[PDB]
Amino acid sequence: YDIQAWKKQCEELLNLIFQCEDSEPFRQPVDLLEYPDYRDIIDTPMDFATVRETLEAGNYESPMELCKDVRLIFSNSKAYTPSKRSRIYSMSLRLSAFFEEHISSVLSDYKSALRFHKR
Ligand SMILES: O=C(NCC1CC1)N1CCN(C(=O)c2ccc(Cl)o2)CC1
């Protein structure tokens with residue numbers, strides 16, 4: 001019922017994500033010189049360095065907000081991909097599975113702690 005515990009849990013999950021080779025395309029903002037049409041398709045860029053910086057700045061109130069931004073990383077990859085078989089997209093799907101497997105307890109524990117707080 002620790003309603004702050006999510007933040008360090010998300011820090012250590014981001015650490016694992018940064019160690020994963022599948023995160024390499026997503027660690028920093030998509031390079032617009034490499035992908036000159038990126039902003040014609042993607043309205044809101046997102047990447048794991050921006051998520052970590054937002055967390056570390058104290059600019060997430062909840063792990064749901066962090067989860068929305070991480071899911072945006074993956075939806076951007078799916079929207080930008082020219083193929084469901086593309087390499088960088090395929091890395092997104094594995095990393096998404098890894099993230100969802102790990103974030104589920106963080107969300108559950110936070111929402112439980114907050115329900116207890118408001119009981
Ligand atoms: O340039 C990138 N990464 C920046 C480096 C500094 C970390 N991109 C990753 C996100 N992108 C996609 O999700 C995608 C899907 C299919 C294809 Cl191809 O690209 C665009 C390419």
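Here the Cβ positions follow ideal geometry from the backbone for every residue, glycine too, while neighbour counts run over all protein chains shown. Just so it is clear, none of the values below were taken in a lab; they were calculated from the coordinates.
Since only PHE116, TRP6, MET46 are under comparison, the one whose Cα sits farthest along the positive direction of the charge dipole of the chain, derived from C-beta charges on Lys, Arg, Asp and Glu, is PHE116. If you model the chain as an ellipsoid using its alpha carbon gyration tensor, with each semi-axis the square root of five times an eigenvalue, the axes come out at 29, 14, 12 Å, biggest first. Using only side-chain charges placed at the Cβ, +1 for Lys and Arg and -1 for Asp and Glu, the dipole size of the chain relative to its Cα centre rounds to 560 debye. Available extension along the chain between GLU61 and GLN4 is 19.6 nm, counting 0.36 nm per residue and deducting the alpha carbon span. Between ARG94 and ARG27, the contour length at 0.36 nm per residue exceeds the Cα-Cα span by 22.6 nm. Close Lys pairs in the chain, defined as Cα atoms under 21 Å apart and 8 or more places apart or on different chains, number 7.
Taking each DSSP H run with n ≥ 4 as -39500 (n - 2.57) and averaging over every residue of the chain yields -21000 deg cm²/dmol at 222 nm.
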